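Following: one structure in structure tokens, then a few remarks.
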Amino acid sequence: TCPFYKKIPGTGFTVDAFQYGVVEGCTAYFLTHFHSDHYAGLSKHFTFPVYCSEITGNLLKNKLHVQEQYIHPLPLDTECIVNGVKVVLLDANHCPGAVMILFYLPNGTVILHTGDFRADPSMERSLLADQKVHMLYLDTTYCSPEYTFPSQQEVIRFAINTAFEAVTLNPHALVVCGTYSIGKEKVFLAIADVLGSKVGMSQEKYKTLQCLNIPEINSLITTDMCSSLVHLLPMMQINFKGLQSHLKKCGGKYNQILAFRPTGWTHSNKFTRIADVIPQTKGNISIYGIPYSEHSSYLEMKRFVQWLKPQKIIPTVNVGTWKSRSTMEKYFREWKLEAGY
Ligand code: NI
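PDB author numbering numbers the first residue of the sequence shown as 700 and each following residue consecutively.
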């Protein structure tokens, strides 16, 4: 049944709750972003109002075939009224089209639902600065102090410099980047930019990217693999067998692969700096795991919460075990005693 952490009290609303059938008493279904564990259940047969960003609504129409009459896109950073309740959509710094949602309840309570987010100090100057938030529905994906990772900027500088050096040393090297969802487009786009190539990809992935309102996108991507020396493949194909196979397909145009796997966290992060990352190599194939995250690190999460000073926190990730729930509740209490709220 629908978990309580997907329901907004004092409303008929739910967030990211499309796999439970008809939720009794729900008048409006919000979708924070187009990742499968959040949209699970949606299709062309859905007939309730879906409220989302413009970019998520493009993906719902083009990829899932949801009918236009049930897609209700909202502009960001704008007070809107939905079924009698004031709401605002804010940029979540996750994947394209991802939002946080501010609910202003008729009784005076203010609720922030982060969806999935990567906390940033820029959020401290949005419309969130303008009033008090009482209850926080929080993306706790990496809520433990072991989870450190570098800035997205540091990670992209590493990838650009590695790719440019390899291809200038060997103009017959191919660059391959893994994907299984939207997000992390800077990794393959920044590398294609430094190399003077478009990124080549399947027709399915090209269709997906063309929904994302990315500026000048027709100049940066293509379905013609032969004209490209940056290829995108399913994340599943980023291993030695999959890559050896791909290289056979390119008909002796290339004699080396340099591949990137943009993982979330990996335990080489508790020890190793970005400067010190090395690949796994077999023969003429090398694979780099780069820690490019679209979720908050521990410290980023803690700073955002200590700034916001909510009265109550409701975690939305890692909720399925008692040890995980009790650990998170201990960190919330530490943060509150340190900051004095
Ligand atoms: Ni997500």
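Built from N, CA and C at the ideal position, the CB exists for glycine as well.
Is residue i near ligand 1, going by C-beta to nearest heavy atom under 8 angstroms?
i	result
residue 1042	With the chain covering 700 to 1040 only, the question about residue 1042 has no answer from this structure.
Assign residue i to one of three DSSP states: helix, strand, or coil.
i	result
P772	strand
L763	coil
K904	helix
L919	coil
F802	strand
residue 1041	What the structure shows of the chain is the stretch from 700 to 1040, and residue 1041 is not part of that stretch, so it cannot be assessed.
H734	coil
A828	helix
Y750	strand
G899	strand
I881	coil
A889	helix
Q955	strand
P933	strand
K705	helix
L788	strand
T847	coil
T710	coil
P820	helix
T755	helix
Between which residues of its own chain and residue i is the CB-CB distance below 8 angstroms, once the five residues before and five after are set aside?
i	result
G711	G724, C725, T726, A727, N782
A1038	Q1005, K1008
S735	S880
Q902	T922
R1002	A818, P820
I855	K885, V886, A889, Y991
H871	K952, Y953, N954, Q955
Which stretch, first to last residue, makes up the beta strand (DSSP E) that contains residue i?
i	result
residue 1085	Only positions 700 to 1040 of the chain appear in the structure, and residue 1085 is not among them; the question remains open.
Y987	984-990
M834	834-837
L811	809-812
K1011	1011-1014
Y841	Here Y841 belongs to no beta strand (DSSP E), and DSSP marks it neither H nor E.
Give me, in chain order, the residues of the same chain whose beta-carbon lies closer than 6 angstroms to that of residue i; leave out the 5 immediate sequence neighbours on both sides.
i	result
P1009	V832, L835
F747	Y728
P844	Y997
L773	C779, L788
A862	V874, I890
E999	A818
The alpha helix (DSSP H) that contains residue i, what's its start and end?
i	result
residue 1041	Not covered by the structure: residue 1041. The range shown for the chain is 700 to 1040.
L868	851-868
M1027	1021-1038
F939	939-948
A872	Looking at the DSSP string, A872 is not in any alpha helix (DSSP H); the run it does join, the beta strand (DSSP E), is 872-878.
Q1005	997-1007
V781	Per DSSP, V781 belongs to no alpha helix (DSSP H); it is in the beta strand (DSSP E), 779-781.
I'd like the list of long-range same chain contacts for residue i, defined as Cβ closer than 7 angstroms, with 5 residues on each side in sequence excluded.
i	result
residue 1045	Nothing in the structure corresponds to residue 1045, since the chain is present only between 700 and 1040.
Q943	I984
Inset, instruction - Output the residues surrounding ligand 1, defined as those with a CB atom closer than 5 angstroms to any ligand heavy atom, in chain order. - result: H734, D815
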